[PDB]
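Asker: experimental structure below, sequence on top.
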Amino acid sequence: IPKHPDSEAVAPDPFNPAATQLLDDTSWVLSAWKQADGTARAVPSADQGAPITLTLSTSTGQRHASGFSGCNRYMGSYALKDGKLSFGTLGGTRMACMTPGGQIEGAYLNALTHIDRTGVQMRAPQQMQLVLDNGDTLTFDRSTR
């Protein structure tokens, strides 16, 4: 039990809202998911065989998100407002990968319905960060190819 660290931090918080209006032709990969209190969940790292990716583009001709979330691909529409990324009716298909990083599709979609906060740093090295209405947190890398 050393001391407290003392106070050596006076500055504004990271990310910026004048960035969540460029979230249209971008792509990002989820690498960590924290719970609202701070429990780092377990997620499929890219070494594990089916990482969690997101792609935003006019890939259908329309503003349609796509990606691989768990071991099942997802899709659906989106919209930009309030410094956040709202989604429409998302969904995917019920394939089976018998894995903890597979079934997490269910949880992941349940976190696309609650976008009450949103972090993006378009400053390189770019890492987006979604936040839920509970306070839960999802750290994404940018992935441009």
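Answerer: Cool, got the structure. Numbering: from 1, shown residues only.
Asker: off-centre distance for stretch 128-142?
Answerer: Distance, stretch centre to chain centre, for stretch 128-142: 5 Å (C-alpha atoms, centre = their mean, to the nearest Å).
Asker: gap between the two ends of it?
Answerer: 7 Å (C-alpha to C-alpha, to the nearest Å).
Asker: next one: stretch 73-90
Answerer: Between the opening and closing residues of stretch 73-90 lies a distance of 11 Å (C-alpha to C-alpha).
Asker: can you check stretch 36-53 too?
Answerer: Terminal residues of stretch 36-53 lie 22 Å apart, using C-alpha to C-alpha.
Asker: hey, where'd the strands end up in this protein?
Answerer: 26-34, 53-57, 64-68, 73-81, 84-87, 91-92, 117-119, 129-131, 137-142 (DSSP state E).
Asker: for these, which one sits closest to residue 102?
Answerer: Taking C-beta to C-beta, strand 64-68 is the member of the strands of the chain nearest to residue 102, at 10.7 Å. Where you see a C-beta, it was placed from the backbone N, CA and C, and this is true even at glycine.
Asker: circling back: of all the strands of the chain, which one is nearest residue 5?
Answerer: Using C-beta to C-beta, these put strand 26-34 closest to residue 5, at 21.4 Å.
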